[PDB]
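> Here the sequence shown stands for residues 118 to 885, 949 to 1196, numbered as in the entry's author numbering.
For reference, the structure I am asking about is given below.
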Amino acid sequence: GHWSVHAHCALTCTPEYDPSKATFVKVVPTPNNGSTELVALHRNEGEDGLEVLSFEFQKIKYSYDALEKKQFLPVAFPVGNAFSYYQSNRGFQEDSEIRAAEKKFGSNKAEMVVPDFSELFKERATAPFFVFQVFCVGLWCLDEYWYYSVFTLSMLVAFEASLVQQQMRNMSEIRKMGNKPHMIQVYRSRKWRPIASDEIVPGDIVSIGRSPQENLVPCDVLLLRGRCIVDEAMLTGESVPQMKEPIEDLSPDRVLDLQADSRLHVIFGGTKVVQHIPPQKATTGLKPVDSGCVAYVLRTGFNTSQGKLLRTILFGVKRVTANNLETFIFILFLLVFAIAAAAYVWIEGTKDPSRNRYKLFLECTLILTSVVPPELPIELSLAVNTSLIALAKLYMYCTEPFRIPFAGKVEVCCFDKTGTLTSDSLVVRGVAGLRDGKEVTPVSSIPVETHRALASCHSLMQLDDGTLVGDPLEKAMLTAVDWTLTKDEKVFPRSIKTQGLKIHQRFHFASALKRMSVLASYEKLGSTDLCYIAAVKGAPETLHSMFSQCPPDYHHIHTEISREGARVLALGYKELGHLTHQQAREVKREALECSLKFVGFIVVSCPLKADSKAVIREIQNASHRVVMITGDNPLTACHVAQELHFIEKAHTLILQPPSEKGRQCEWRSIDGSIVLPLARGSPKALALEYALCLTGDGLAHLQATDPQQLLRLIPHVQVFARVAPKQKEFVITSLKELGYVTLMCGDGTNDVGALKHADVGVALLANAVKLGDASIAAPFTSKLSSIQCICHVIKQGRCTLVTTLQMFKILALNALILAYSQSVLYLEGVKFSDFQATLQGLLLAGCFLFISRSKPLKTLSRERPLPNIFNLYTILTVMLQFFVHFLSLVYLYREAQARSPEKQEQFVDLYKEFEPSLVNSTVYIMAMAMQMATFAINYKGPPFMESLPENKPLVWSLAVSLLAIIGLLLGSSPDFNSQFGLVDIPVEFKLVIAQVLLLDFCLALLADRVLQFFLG
C-alpha cells in the first residue's frame, strides 16, 4: 500500500532535486515506526530577510538549518536555554510576537478528530473478504441471479456499515475519555486573563496551583516561584510524591538541563498537583490573583513528554488486521478442495461432447462460489459481536472487537503496581519505635508525646468549606490522630482530654535539607504561660544525627522497616524549654533542628485492594505467568509482589548496573545474603533457585551492552522496577517476539506505550470519572478499578476462541460435504428440489447463529485451549470425519442405485426438472443426518464453555432437525413427504438406511472422542 501511495504523488507532480523551491517533500518513515506520506513545504516572509523551509509530519515540525547543518532538523525549544534567562523574564508583552511564536512553535492542541466515516469505510473495503464477496455477487449476476445477487450485496454492505457504526460508537467513548480542555489563569499584556489550555503557547507565564476540579497540568511548565506538591504517579509511576522548588533562589550562572534538573524544578504535563504553597508577600515579583505558583511554559502541544508518548502511539502502528494468516490458509485449503471438485466436474463434463462448454463453465464457477460460503466472515463477525455484547454487561468496553479471541491464547500477564494492584489511598499500619523490638505498636497505645508530635507537624490546610487536602501521607497521619484541624490552625483532640496546639510558623520540606519543621506553642496546665514545642519530621538518616539521645537499635529497626518497603519517616520532638513571643519570631525556622529528641518512626504502606489477591491466585491457577512492570522503588515492588504471591521463592535478588566500567554485573539479594555475578549460560538454574527482578537502569545498561542476554533473561523475570515508559514497550515487544501472547493491565500514562503493542491490553481507572489517557490507546477499557476484569476477559476470550475453533471445524466439514455432494451428484443427475434445499440453508443458518451465541462458564480451568486452528488434531479430525461420513454416503447411494430402475440415457441432462425418486430422497436423508451429526459432534463442551444441554436454542434446533429426519424416515403422513416430493420407501429398506445412519453417527462420535483422548 505504501509503495502504491508514492505512485499517485509521482503522477500528480514530478520529483524535484534543486532546493530553490520544492512543491513537495517525500517523508522517510524509518523502519521502526511511521508511514510513508507527502507533506507540502510552507513559504513564510522573513522579517530579517531570511526564509525558513518547514513541514509537518505526525504533528512534528522540522526546519532546514541552511546556516550551520544544511539538513532537516526539528524545531528548537527553550530546553537548551541558559538558566539565567528565566530569572529576568517578564513574559510575553505584545500580541504580535505571541502570534509569531504560535506560528513558529505550534499550539498546545491535543484534541482528536475521529477518522472520517468515509475513510473508515474505504479502509474496511480494503479487506480481501469484501472484495471476494463482491466478486461472488457479480458472479451470480453473471449466473442470471441478478435480484438475489443485488439483495445479498445490499445485506453485506449494510452489515459492514453496521460494523463500522459499532466501531464509531466505540470511538465516541474514546473521544469522551479525552481530556476536555480547561480554563487557566494566564499572564498576558502585563495583566492576568483566563485562557483556555488549547491556545497556550510557549514563552508565556502561567500561575498554576491546586484546582478544585482535580484537573491535570496542561503543559510542561517551569516553576519560577512558589512551592507545590505534585503526584506524578500517573506519568512517572513513583507513588511517593516529590517536592518542587522555585528557581529564584538558585544562582544564575547555572545552565538548565532537562535530564539533570527534571525532578526538582520542571513540572510535567498530565500530572496532578496536590498542594500549592504561595510565596511570601515580602518577595517582589510576579503577583497572581489566584495566588498560585507563577511559572514559565517550556513546551506545549504534542512535544511534551506525555505528548511525545501519546502521539508516538497515535500515529505509531496500524490496527492489526482481522483477516489473519489462519483464515487465509483455511480459505486456501477449502479452495484447494474446491478446485479439485471443480476439475472433476469439468473433466467428466468435457467427456460429454454434446453438452455446451460455456454452460458447464458457469455451472462449475457457481460450484466454486457455493463451496466458499458468503457467511464465512459474517458468522465470525456475529460470534465476535455476541461476545462483545456479553462482555459489555460487566461495565467494560472493547474498542477493538477482533482481539477478544486473542485473550484465550495469552500465556504471560503483566501488571502495573501503582494504580492497578495497589490503591491510591494509604493507611497507617502503626507507629514504630515506641516499644521494645521491631514490633509496631498501634496508634492507640503510643504515648501522648507521639500524639502531639504527629498532630503538630503537618503541612495540611483548611478551605472555606473546611475539607482536608494535602499529601495523602499527611492525610492518613492526621486521620490516625483524628484530631480536628480548624481553620484557625488549632488542632483539637476529638476523644483526648488535652489542650489544643496552635501553629505559629510552618517550614515546608526542603530538598537540600531533607527535613520539615513546624513551630508551635501550647498553654501549660494550670497556668497562662505559653510553652513553645517544635516537632520536626523528615528523612530518618539525616534526622538521626540531630537526635540528642538515640536508641542503639535505630539503624537496625530502620533497615528492617526499609526491607518491608513501606515509607519510613522518623518523628522528632524537642522540649526547647520556655520561649518568649518575640523570640519565636526571632528563632529561624531552620534553627529548630538542633538538639532533637527521638520519639519513634511511622510506617506507611500502600494497601492492596481486597480482591486483588484472589484474582492473582485464580490467574496463576490457569497455567499463566504473571509479571510486574512498575516504576516505583524496586524494594517496594518486590514486597508488593511477595504479598500477592507473584514470587514464591524464599529470596529474590536485585540486578544493578556497575558503578565502575568494565565490572561484571552481580546480583544482590534484598537481605544481601547471596551475591553472584551473572553467568553467560541460561538463567534457568538461577530462576529455579530464586526469583529474578530487573531494574530500569540495569535494563538500559544491558541494552547498551548486549541485547541477546537481555532477551534470554526477560522471560524469567518476575518484577520490573524503575522502568521507563519506552522501556515498558521494549519489554512487551521482547516478550511478544518470543511468541508469547502478552496481556497488561495499567492505568497511568506510563503503561500506554506498552498497552498499545500488547496483544490484549486492558486499562483501568484508579479510585473508582475522569477517564484518563491510558484508555485512549488501550484496546480495552474498564470502569471498575478492580483487576477482576482481567479474569472476566480471559474467560470470555477462552469461550470465544473455542467457539471460533468449532465454527471453523463445522464450516470446513459442511463445505467439503456439500461441495463433493453437489459436484458428484449434479454430475450424476441427483439434485434436490428447491424446497428441501431452502430448508437445508435455513436450518444451517439458524444452527450457526445458535452456536455463535454460546455462553461462558463462571470458573476457568487448568486445561489450556488449542492455540490455533493449525494443529494436527483439527486437520486430522476434520479429515477422518469426512472419510467416515463419505463411506456412509457412498454406501447409501449404492444401496439406492442398485435397486432403482436402470437408466435409459447414457448421458445426463443437467437442466431436466426435478423428479421424485429413491436415490434423491436417500441422498437428502443422508445430508440431513450429516448436518445433525456434525453439529452434535463438534461441540467441545466443558470445562471451556457451557454444556450442550444448557444452550437451549441449539438444543431446540438439533431436536427439531432430528425430529424432521425421523419423520421423513418414517413417512407417517403421505401429504408430508408428498409436499417434500419424496416417494415412500419400503420398510425393509428403511431398516438398512436407519442402521447405516446410526452406524455413521456412532463411528463419528467414537472416532472423534478417541482422537480427543489420545491427542488432548
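The beta-carbon is built from N, C-alpha and C at its ideal position, and this holds for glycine as well.
Return helix, strand or coil for residue 786, following the three-state DSSP convention.
Correct three-state label for residue 786: strand.
> Does the region 1141–1153 come within contact of the region 1031–1044, defined as at least 3 CB pairs closer than 8 Å?
Segments in contact, no.
> Leaving out five residues before and five after residue 841 in sequence, what residues of the same chain have Cβ atoms less than 7 Å from its Cβ?
Only 813 meet the Cβ criterion.
> Do you know offhand how far residue 889's Cα is from residue 360's?
This model leaves out residue 889; its place in the chain lies between 885 and 949, and no residues are given there.
> Could you tell me the distance, in whole angstroms, from the CA atom of residue 851 to the CA atom of residue 828?
The straight-line gap from Cα to Cα measures roughly 7 Å.
> Between which residues of its own chain and residue 818 is the CB-CB distance below 6 Å, once the five residues before and five after are set aside?
These residues qualify, in order along the chain: 774.
> Examine the Cβ distances between the region 821–836 and the region 740–757 and report whether three or more of them are shorter than 8 Å.
The answer is yes - the region 740–757 touches the region 821–836, with three or more Cβ pairs under 8 Å.
> Measuring only the C-alpha atoms, how far is residue 124 from residue 1062?
In a straight line, the C-alpha of residue 124 is about 49 Å away from that of residue 1062.
> Quick one: give me the first and last residue of the beta strand (DSSP E) that residue 666 is part of.
664–666 is the extent of the beta strand (DSSP E) around residue 666.
> Would you be able to state if there are at least three C-beta pairs under 8 Å between the region 648–656 and the region 683–703?
In short, these stretches touch, since the Cβ pair count reaches three.
> Contact defined as beta carbons within less than 8 Å: I believe residue 580 pairs with residue 595. What is the distance between those atoms, to the nearest angstrom?
That belief does not hold up - the Cβ atoms of residue 580 and residue 595 are roughly 15 Å apart, past 8 Å.
> Would the beta-carbon of residue 208 fall within 8 Å of that of residue 321?
Cβ atoms of residue 208 and residue 321: closer than 8 Å.
> With DSSP run on the structure shown, which of helix, strand or coil describes residue 216?
Note: residue 216 maps to helix in three-state DSSP.
> Per DSSP, residue 878 forms a beta bridge with which residues?
DSSP lists 861 as partners of residue 878.
> Could you have a look at residue 722 and say whether DSSP puts it in helix, strand or coil?
Strand.
> Report the start-end ranges of each beta strand (DSSP E) in the region 615–686 that is 3 residues or longer and not cut off at the edges.
If we require 3 residues or more, the beta strand (DSSP E) runs fully inside the region 615–686 come out as 618–627, 632–640, 647–655, 664–666.
> Can residue 413 and residue 367 be called in contact, C-beta distance under 8 Å?
No, these two residues do not count as a Cβ contact at 8 Å.
> If we ignore side chains and look at the alpha-carbon of each, how far apart do residue 491 and residue 984 end up?
Cα to Cα, the separation comes out at about 17 Å.
> Can you name, in chain order, every residue of its own chain whose Cβ lies under 6 Å from the Cβ of residue 1012, other than the five neighbours on each side?
Closer than 6 Å at Cβ, skipping near neighbours: 1104.
> With residue 410 as the anchor, note down where its beta strand (DSSP E) starts and where it stops.
Start and end: 410–414.
> Cα separation between residue 1089 and residue 1174?
When rounded, the distance between both Cα atoms is 31 Å.
> Per DSSP, what are the beta-bridge partners of residue 348 in this structure?
DSSP, once it has assigned bridges, lists 389 as partnering residue 348.
> If distances are taken between C-alpha atoms only, which option among 462, 980, 355 comes closest to residue 1002?
The option with the nearest alpha carbon to residue 1002 is 462.
> Considering only residues of the region 732–774, which uninterrupted beta strand (DSSP E) runs meet the minimum length of 3 residues and lie entirely inside it, listed in chain order?
Taking only runs of at least 3 residues, the beta strand (DSSP E) segments lying wholly in the region 732–774 are 742–746, 769–772.
> What three-state label does DSSP hand residue 601 in the structure shown?
Correct three-state label for residue 601: strand.
> Please say whether residue 870 and residue 426 have beta carbons closer to each other than 8 Å?
In contact: residue 426 and residue 870 (Cβ atoms closer than 8 Å).
> Using the three-state DSSP reduction, which class does residue 886 fall into: helix, strand or coil?
A gap in the chain, from 885 straight to 949, means residue 886 has no coordinates in the model shown.
> Using beta-carbon positions only, say whether residue 859 and residue 953 come within less than 8 Å of one another.
No, these two residues do not count as a Cβ contact at 8 Å.
> Have a look at residue 445 and residue 522 and give me their C-alpha separation to the nearest angstrom.
Straight-line Cα distance between these residues: approximately 17 Å.
> Along the alpha helix (DSSP H) that carries residue 1099, what are the first and last residues, could you check?
Run containing residue 1099: 1098–1117, per the alpha helix (DSSP H) assignment.
> Quick check: the Cα distance between residue 156 and residue 431, rounded to an integer number of angstroms?
Computed Cα separation, rounded: 18 Å.
> Taking only runs of the beta strand (DSSP E) that begin and end inside the region 483–562, which ones reach a length of at least 3 residues, in chain order?
The region 483–562 contains these whole beta strand (DSSP E) runs: 513–515, 527–532, 544–547.
> Going by beta-carbon coordinates alone, are residue 326 and residue 407 separated by less than 8 Å?
It is a contact, given that the beta carbons lie within the stated cut-off.
> For residue 289, which three-state DSSP category applies?
The answer is helix: DSSP assigns residue 289 an H, G or I state.
> Below 8 Å between beta carbons: does that hold for residue 929 and residue 741?
In the model shown, the chain runs from 885 to 949 with nothing in between, leaving residue 929 without coordinates.
> Would you call residue 1101 buried or exposed, if buried means 16 or more other Cβ atoms sit within 10 Å of its Cβ?
That one is buried.
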